[PDB]
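These notes are about the structure you will find just below.
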Amino acid sequence: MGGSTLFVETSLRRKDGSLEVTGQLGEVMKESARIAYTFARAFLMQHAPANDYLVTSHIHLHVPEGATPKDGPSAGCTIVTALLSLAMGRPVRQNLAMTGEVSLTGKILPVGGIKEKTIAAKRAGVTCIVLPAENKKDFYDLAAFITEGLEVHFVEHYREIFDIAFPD
Amino acid sequence: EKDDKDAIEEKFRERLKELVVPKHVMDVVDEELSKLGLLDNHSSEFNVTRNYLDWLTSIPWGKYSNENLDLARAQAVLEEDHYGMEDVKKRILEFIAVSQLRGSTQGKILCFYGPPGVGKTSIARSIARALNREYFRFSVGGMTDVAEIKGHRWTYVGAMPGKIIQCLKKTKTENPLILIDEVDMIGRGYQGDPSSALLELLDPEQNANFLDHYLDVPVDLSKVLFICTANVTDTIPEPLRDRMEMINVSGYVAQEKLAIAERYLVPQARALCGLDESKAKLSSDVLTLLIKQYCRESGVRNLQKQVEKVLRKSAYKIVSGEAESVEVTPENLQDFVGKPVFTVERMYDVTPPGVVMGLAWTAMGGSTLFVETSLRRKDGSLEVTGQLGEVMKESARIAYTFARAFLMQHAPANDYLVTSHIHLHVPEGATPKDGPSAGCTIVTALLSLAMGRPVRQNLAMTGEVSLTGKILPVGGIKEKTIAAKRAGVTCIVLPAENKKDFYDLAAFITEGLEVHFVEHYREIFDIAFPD
Amino acid sequence: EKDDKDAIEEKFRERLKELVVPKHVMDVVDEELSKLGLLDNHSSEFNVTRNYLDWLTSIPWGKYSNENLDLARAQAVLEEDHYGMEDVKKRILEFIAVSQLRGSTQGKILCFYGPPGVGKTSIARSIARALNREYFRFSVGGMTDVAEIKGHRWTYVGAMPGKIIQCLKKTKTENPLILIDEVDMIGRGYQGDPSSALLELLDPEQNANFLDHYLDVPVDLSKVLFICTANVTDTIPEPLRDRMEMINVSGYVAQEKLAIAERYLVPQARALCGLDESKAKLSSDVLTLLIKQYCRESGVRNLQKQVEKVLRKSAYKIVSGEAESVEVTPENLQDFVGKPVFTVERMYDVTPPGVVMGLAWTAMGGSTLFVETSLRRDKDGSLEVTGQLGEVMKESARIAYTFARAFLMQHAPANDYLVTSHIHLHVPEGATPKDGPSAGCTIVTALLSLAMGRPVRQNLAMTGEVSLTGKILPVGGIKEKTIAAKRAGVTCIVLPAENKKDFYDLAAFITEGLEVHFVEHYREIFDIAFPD
Ligand SMILES: Nc1ncnc2c1ncn2[C@@H]1O[C@H](COP(=O)(O)OP(=O)(O)O)[C@@H](O)[C@H]1O
Ligand SMILES: Nc1ncnc2c1ncn2[C@@H]1O[C@H](COP(=O)(O)OP(=O)(O)O)[C@@H](O)[C@H]1O
């Protein structure tokens, strides 16, 4: 029907530790989440080795149904951010939207439908969008109206998004 | 095949004359009718096409019966259909008031929970009768397939559309009253959670473009008054629980059931058998005795059967000339119903040490049970039983932890929960939410065992106990004390906050029960063991 | 063709003339028939229309089997058909009385449950004839198809109605007796559950107006007498069971079976064989012998076969001219069935230490079984359990074990045996989930027997759940238990005090020979099962 904005929620359900995934029960969603889950853990263990929140807990995760097969990967980093948000216990720098597939070592990967996704962002009135470096060409080539009044950063690795999304 | 194509087309136009389809459906209707002219009446597709067109045209598109309504008239309907349900009548008139104000259906949808046979479906029938509104009911209890809701595509052998589409068709209206019963007993579908389908139906904005697998036309569903029923509140999924305006339909006491019986049940049964009102004389005392010793249902359905049996037994005597006239007395009731079934009300009249009363609500409404403990012989450890949840265990863990520390405060020289391995038992059935409510009871149970004293005779209590000894408030106070009144337990201890619920109860419920409200557990010990 | 369209119409009317249709139905048929009178004959649509009209006109609307009921007359029919079943016969009398008082036909829903071979199916046949009502039998069974009842859409290619409409066509009354079989074993899966469909069949409200995919008109089924058959009541779907009127049918003991045999079984096998009493003869002792040592079930299902077998054997003998009359006696029965199959029934005629006798309710009927224990050798001891034990069983048995420990140490502190050692316990299968914890108290008796080195009191059968404190709690299926204890050679039985109601509701001769204890606490059982 067109480009849309989708919300990502993480919740605590309370050795062992697991992630429980809900929403569309497509396999591709599950594997992408697993990747995201493990990277988040990996990121945490080096950034804040003291904390073991994600390590020692069962976490429930939900994603809305409005996604094509390719959109599954597209929401990779968002999960990670949410997990780190739950772990650090702090919400993001306010009014920040984002779309990107994340490698297991954390490098960001290209996503489809930048044109349609940006429309929803402007519609929802977000201050900032951060996108993969390889998606750079598509945004500049869009219509005029959507460009002005949007802060954009291009990212290659999730380390970058961490600093942007969380100032300190 | 001569006049076959023309007549079929024309009769559909007659149907479309009254039930005019939306403006975007002209093309779909015309296309099907035109290609019907193309298909020979011998072809397989022709027969299927005729069904599809018949189903489509049969839907009352943009056609709705009139609604004349009044809030004061509704109360008269409510009063005459059922006795009691003071809170229930209040709750439903609120929605009627809100609906009258707006003159259209609310975004929020209505559901009722309570014991089976309480009259949840009866309320739905009464509301329809109150609104002068057409009624239909379809069940979602035990379903697992979304295709049950959306039907199947026409190529299926004996093609059958969505149930929602059916009920709209039969009612011949755009604004029917639909009862979606047993929403709680919904199945978690393997191919996809029917939660998605349910949320489509609940949201009026989403209902405007509802799609099925059969019609392939966006149904402009709105102003349909969805009414739902449930038994317990837990089994409903999280997105559906908060999306639903919820009403508690509580149980009844002896006097309450009797008035139901005298006004409704006896006339219903007399009418069903066509009996003479003089020849089948039924005393009020009999029904009280029947209630106390022949039934354990919070509802009226089990009671209704026993009542039917009474009148049924009488009918045989009358025809056969066994008995000239039937005079139902407690003395001769044995012939009509047989021997008393529950001469035992509550077991443990003398409550032994390590036993404490327990309260909660269940699927069947108000429930009673007991907590039990014993020994089994440097360290000490706890064994728990029942088919208990993980949360239940942790509640006990809290309870066990506190008990040790509490025993220290009262009697330091004791070491009973310290150097002893104890078995604990908790009966199951109760809702997970209200499950930790036996927490404090458990503490009393463990402590009772400590010095070897029985808890103060005929003593009942419930409520969640925290780490600091704080007594947390619990829901469904009406249900718990109903059971307590059944039990004939005189003293009840309850949480402080829930004092609001107790004073919200009607006069009958509150009769002769010395209740006290408490905030810390040390307060209950003051009652439980002053000596 | 033009005048022949007319000719077909009145052929449909004459089928409908004495079958007075409802008002809504009249309108539906008028629309369809006038359609049929214009549509060309060669068209397949015409055939579909005709087929739909065929079934609609074939339904006997406003036609009833006018029940020429007489209360004593009907009673005699029931007696001349079956033995026993006093409770059920009374219930049927009540139905007759109800219909008489109204002076018009009425339909009720009645369910029969119990062990197989109790004649519930045959009672069905007997009721139909007694009432002068058309009979039909149907079996939902394990099928998961809704369309079996609801049928298919009429306008769809190769349309067929459900069994409910099918049988209503052959039977020429609005109010037949329909038998529904194996309501307990209704399945669920791909297409759905028939329980959803038949919910419309066993609901008084939905009975007044019933809809199918075939005939597509609201019809009256509130006049239809629905009889359902099941084996155990627990597994029946909650909504259907709770709304349903439930009648318990019991099995039979020696005397009862014997009565059935002489009165009914033997004459029935003679009819099948074409034999007469003048050529084949059977004494009571023979059938007593045949009942004792050739059958095990509480029903008489096996017994019919054994009798059928003997008479069948005798038929051949008659023709051949080996002996011109056959009289079966304990002397010559060995020729007909061979040596006795079940010579012994108590697989422990004396019960050794740590064995108890329990009684259990099973789908096939009342069954005895034995619970056995074994030993497998400061530290804590253990219990290991075996059998097809559910989650319920595991929990209840732990409680048994817990009460065991405390009971013994409180009663006798010197005997540290049970607590300090490892015990195996085995509980035999066949016990239904609900009847499962009924042998709780026996389990506890088992352990204590094992503990002191005391064998149990001979010929003692028991049942009853035990709480942690040792409160004996009431149990179900008492009727079946007692019948089983009778055959099992039991002399003493021990029950819950709350169950005293159930015990005395039995006929006198059944309860006879058995000393009965009602108990409330376990200290009592302990004294009963160990006198000294
Ligand atoms: N308070 C009441 N007063 C009168 N009739 C009642 C009352 N509660 C229940 N009933 C009776 O209950 C019957 C059906 O109950 P139902 O709606 O099926 O209960 P539930 O929805 O709890 O299963 C009706 O025939 C109705 O007369
Ligand atoms: N009480 C009884 N009196 C006479 N015959 C009986 C009795 N109980 C069972 N029978 C006989 O048992 C036979 C088998 O019963 P059947 O109806 O097949 O069993 P079920 O009830 O399990 O369907 C029947 O032919 C019937 O005549």
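Chains as they are written, first to last, in the entry's author numbering: chain F, 773 to 786, 796 to 949; chain A, 410 to 786, 796 to 949; chain B, 410 to 786, 795 to 949. Virtual Cβ for every residue (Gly too), placed ideally from N, Cα, C.
Legend entry - Residues, ordered as in the chain, of the segment 501–532 of chain B that lie near chain A by beta-carbon distance below 7 angstroms: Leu502, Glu503, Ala506, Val507, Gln509, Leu510 and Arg511
Legend entry - Amino acids of chain B, ordered along the chain, whose beta-carbon sits closer than 7 angstroms to that of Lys411(A): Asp449
Inset, instruction - Return the first residue and the last residue of the alpha helix (DSSP H) that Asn616(A) is part of. - result: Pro613 to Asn616
Legend entry - Which residues DSSP lists as bridging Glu932(F), in chain order: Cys909(F)
Legend entry - Cutoff 8 angstroms: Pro761(B) Cβ touching any chain A Cβ: no
Inset, instruction - Taking 8 angstroms as the cut-off, decide whether the C-beta atoms of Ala902(B) and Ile910(B) are in contact. - result: yes
Legend entry - Nearest to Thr819(B) (by Cα), restricted to the options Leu800(B), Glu419(B), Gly807(B) and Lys559(B): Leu800(B)
Inset, instruction - For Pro676(A), verify whether its CB is less than 7 angstroms away from any heavy atom of ligand 1. - result: no
Legend entry - For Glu441(B), the first and last residue of its enclosing alpha helix (DSSP H): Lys432 to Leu445
Inset, instruction - Compare the C-beta of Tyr673(A) against all C-beta atoms of chain B and say whether one is closer than 8 angstroms. - result: no
Legend entry - Whole-angstrom distance between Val802(B) and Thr862(B), CA atom to CA atom: 16 angstroms
Inset, instruction - State the Cα-Cα distance for the pair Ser535(B) and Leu487(B), rounded to the nearest angstrom. - result: 7 angstroms
Legend entry - Selected residue, minimal CA-CA separation from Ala724(B), among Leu681(B), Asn584(B), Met756(B) and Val549(B): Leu681(B)
Legend entry - Alpha-carbon to alpha-carbon, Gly906(B) and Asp694(B): 19 angstroms
Inset, instruction - Return the chain-ordered ranges of every alpha helix (DSSP H) run that is complete within the segment 697–729 of chain B and spans a minimum of 4 residues. - result: 710–729
Inset, instruction - Please confirm whether any heavy atom of ligand 1 lies closer than 7 angstroms to the CB of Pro646(B). - result: no
Inset, instruction - Would you check if the distance between the CB atom of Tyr661(A) and the CB atom of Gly493(A) is smaller than 8 angstroms? - result: yes
Legend entry - Span of the beta strand (DSSP E), counted from its first residue to its last, around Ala878(A): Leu877 to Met879
Legend entry - Chain-order list of residues whose beta-carbon lies under 6 angstroms from that of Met810(B) (same chain, five-residue window excluded): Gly853
Inset, instruction - Examine ligand 1 and report whether any of its heavy atoms sits within less than 7 angstroms of the Cβ of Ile536(A). - result: no
Inset, instruction - Taking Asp651(B) as the query, report the chain A residues whose CB atoms sit under 9 angstroms from its CB, ordered along the chain. - result: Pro525, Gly526, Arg710 and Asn711
Legend entry - Per-residue contacts from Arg822(B) into chain A (C-beta, under 9 angstroms): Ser783, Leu784, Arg785, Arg786 and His841
Inset, instruction - For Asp490(B), collect the residues of the same chain with a Cβ closer than 6 angstroms to its Cβ; drop the 5 residues on either side in sequence, then sort them by chain order. - result: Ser535
Inset, instruction - Taking the CB atoms as reference points, tell me whether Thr638(B) and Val592(B) lie closer together than 8 angstroms. - result: yes
Legend entry - Cβ distance (whole Å) where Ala829(F) is taken to contact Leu864(F) below 8 angstroms: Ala829(F) to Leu864(F), Cβ: 13 angstroms. No contact.
Legend entry - Residues of the segment 899–928 of chain B with Cβ closer than 7 angstroms to any Cβ of chain A, in chain order: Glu915, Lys918 and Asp922
Inset, instruction - Can you tell me which of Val759(B), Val507(B), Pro948(B) and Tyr522(B) puts its alpha carbon nearest to the alpha carbon of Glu476(B)? - result: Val507(B)
Inset, instruction - Evaluate contact between the segment 928–943 of chain F and the segment 413–428 of chain A, counting only Cβ atoms and requiring at least three cross-stretch pairs below 8 angstroms. - result: no
Legend entry - Proximity test, Cβ basis, 8 angstroms: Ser453(A) and chain B: yes
Inset, instruction - Please confirm if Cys576(A) has its CB atom under 8 angstroms from at least one CB of chain B. - result: no
Inset, instruction - Compare the C-beta of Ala678(A) with all C-beta atoms of chain B and state if any pair is closer than 8 angstroms. - result: no
Legend entry - Burial state of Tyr703(A) (16 or more Cβ within 10 Å): buried
Legend entry - Straight-line Cα distance separating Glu736(A) from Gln677(A): 19 angstroms
Legend entry - Chain-ordered residues of the segment 416–445 of chain B with a beta carbon less than 9 angstroms from chain A: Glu440 and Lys444
Legend entry - Distance CB(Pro913(A))-CB(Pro891(A)) smaller than 8 angstroms: yes
Legend entry - Element boundaries [beta strand (DSSP E), containing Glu557(B)]: Element bounds for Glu557(B): not the beta strand (DSSP E) but the alpha helix (DSSP H), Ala556 to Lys559.
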